[PDB]
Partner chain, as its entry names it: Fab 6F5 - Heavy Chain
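Form deposited without its partner chain, single chain, as structure tokens, below.
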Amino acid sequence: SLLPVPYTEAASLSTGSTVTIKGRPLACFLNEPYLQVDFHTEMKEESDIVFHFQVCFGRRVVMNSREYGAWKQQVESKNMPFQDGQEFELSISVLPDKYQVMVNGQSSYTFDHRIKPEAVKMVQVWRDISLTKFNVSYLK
């Protein structure tokens, strides 16, 4: 019942869209497994990234965009709602002005739009997790 990782799915997003991801780190937090979610402008993996979300479990989260191939201003958070050894549910909601990232139902990170979410054509979920669910939903 596991999805392949790296996991890539075509996607369209607008205000009211939510990307929901259920999975589990492949290692204990002492080993610093990573999780990465990238919202890309094209299906190709080297395409620009409207929203990059990277967890180093137990340490920090970084967020950024990659525009014309170059990483822009990095944002860092030390908020760490993820729990060592546990399955997590991560949801990324598209609001008018930002993405909101919920972890296990708790608001945990936000990132103001640098590019309209309508530029997204693909989502990739990768690094040191197993994945059981990936869903894009919409509520107006």
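Positions refer to the first chain, counted from 1.
Below: the form deposited with its partner chain bound, not depicted.
Heavy atoms of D48 reach within 4.5 Å of its partner chain in the deposited complex, making it an interface residue. Interface membership of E67, defined by any non-hydrogen atom within 4.5 Å of its partner chain in the deposited complex, is confirmed. Counting a residue when any of its non-hydrogen atoms is within 4.5 Å of its partner chain in the deposited complex, the one hit in 28-44 is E42.
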